[PDB]
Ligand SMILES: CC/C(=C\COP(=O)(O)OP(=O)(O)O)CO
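The data below hold one chain only, encoded as structure tokens and taken in the form deposited without the ligand.
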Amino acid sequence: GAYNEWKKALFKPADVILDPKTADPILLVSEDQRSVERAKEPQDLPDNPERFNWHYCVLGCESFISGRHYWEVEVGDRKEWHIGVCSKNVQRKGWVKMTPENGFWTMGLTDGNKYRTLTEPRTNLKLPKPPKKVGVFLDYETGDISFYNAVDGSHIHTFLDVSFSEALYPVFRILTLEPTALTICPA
């Protein structure tokens, strides 16, 4: 459909790979750096400055300061996940709530069937179908971050008219221990 035919004409396909240096030690990054899973117990890793030590998060390797970009994530039958973008200068040590006010623009799924935006307060999304693949779209200049069902092109959510000043990284969060991973689709 139009989603498939037009996405690359309007947004540059980002080739996003996960940065293992940023990943909470309870997270596992795959060899090809496209997939993230949770471990039962934290790995023995250094608490280097780049690493999220409290939030179960991992960043992409590259950030954006301009232009239009997109990437797609296979969420599959996962019961829990959150994805989006965050500012380069988010607090990585300790906790602050994941909200736009704190530099996070994300949405996702909890408890299998509750889709929501990670806002203050959290906002419930009514989706006509559960997505299996989600497209994440950034327009830096207009300040829009949009999410689409990458299979049928349906709209999921848009953060509108954000005044970005900082560089933005793709961000991924998983809390639960389940058989299905969260996986980035290659560009």
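We number the residues from 1 along the sequence you see.
Relative to its counterpart among 157-165 and 144-152, 157-165 has the higher mean temperature factor, C-alpha atoms as listed in the PDB entry. Mean C-alpha B-factor is higher over 10-18 than over the other stretch, the pair under comparison being 10-18 and 168-176.
Within the selection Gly67, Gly135, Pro130, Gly60, the deposited Cα B-factor values reach their highest point at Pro130. Highest C-alpha temperature factor among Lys40, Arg34, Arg51, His55 per the entry: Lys40. Among all modelled residues in this chain, the alpha-carbon of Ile184 has a temperature factor (C-alpha) in the lowest third. Among all modelled residues in its chain, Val96 ranks in the highest third by Cα B-factor. Per-chain ranking of the deposited C-alpha B factor places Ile26 in the middle third.
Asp77: CA B factor in the middle third of modelled residues in this chain (values from the PDB entry).
The same protein also exists as the form deposited with the ligand bound; that form is not shown, yet it is the one meant from here on.
Of the heavy atoms in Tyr56, some are within 4.5 Å of the ligand in the entry with it bound.
The ligand is not drawn, but in the entry with it bound it has no heavy atom within 4.5 Å of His155. Using a 4.5 angstroms threshold between heavy atoms, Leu118 counts as touching the ligand in the entry with it bound. Interface membership of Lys132, defined by any non-hydrogen atom within 4.5 Å of the ligand in the entry with it bound, is ruled out. Only one listed stretch (118-126, 136-144, 157-165, 61-69) carries heavy atoms within 4.5 Å of the ligand in the entry with it bound, and that stretch is 118-126.
Residues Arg173, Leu175 are the members of 162-179 with a non-hydrogen atom no more than 4.5 angstroms from the ligand in the entry with it bound.
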